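Colleague: this one's structure only:
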């Protein structure tokens, strides 16, 4: 069922080295911002978690 | 009916992808948590309507479902400021 997995999300100004294309519940994904960009909280990296709702957070970085 | 179902699936997916893309484009550090909530919701709507489409038995039902998906997506977006 659709609430049992998460697709790889769209990235914006960020990369991942994770090579999986879909994720089970509680699986995680690490991202890193492009140089010159930062997360919503000011970090250059983040980790996001697949849940019933979708992703806990999205790999979008913002120009510093 | 197989071809029509495929076209309907593509239309629903493309509209959701468009609106997710617009949500990303306008995101900012301040708006980021809105973007996450909204994008998850849009993908949930997408899955609901793709599932209805796959089991549909008529072309007119497909047209209704495409229209309903678009409306639900637009309604979700409307819950947040532009």
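Modeller: All right, it came through fine. Numbers count the residues shown, from 1 in each chain, chains lettered A, B, ... in the order given.

Colleague: for residue 36, phi and psi?
Modeller: I went with chain A, as the question did not name one. phi 90, psi 0 (degrees, to the nearest 10).

Colleague: quick one: contacts for the residue nearest the centre of chain B?
Modeller: By Cα atoms, centre = their mean, chain B has its centre lying nearest to residue B:16, at 3.5 Å. Taking Cβ atoms under 8 Å, 6 or more residues apart in numbering or on different chains, we find residue B:16 in contact with B:42-43, B:45-46, B:69, B:73. Where you see a C-beta, it was placed from the backbone N, CA and C, and this is true even at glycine.

Colleague: need the max-distance pair from these.
Modeller: B:43 and B:69 (11.9 Å; Cβ to Cβ).

Colleague: ok, those two, which is more surrounded?
Modeller: residue B:69 (23 against 20; other Cβ atoms under 10 Å in any protein chain shown).

Colleague: can you pull the contacts of the more buried one?
Modeller: B:12, B:15-16, B:45-46, B:48-49.

Colleague: in those, which residue is surrounded by the most others?
Modeller: Most surrounded of these: other Cβ under 10 Å gives residue B:12, at 25 neighbours.
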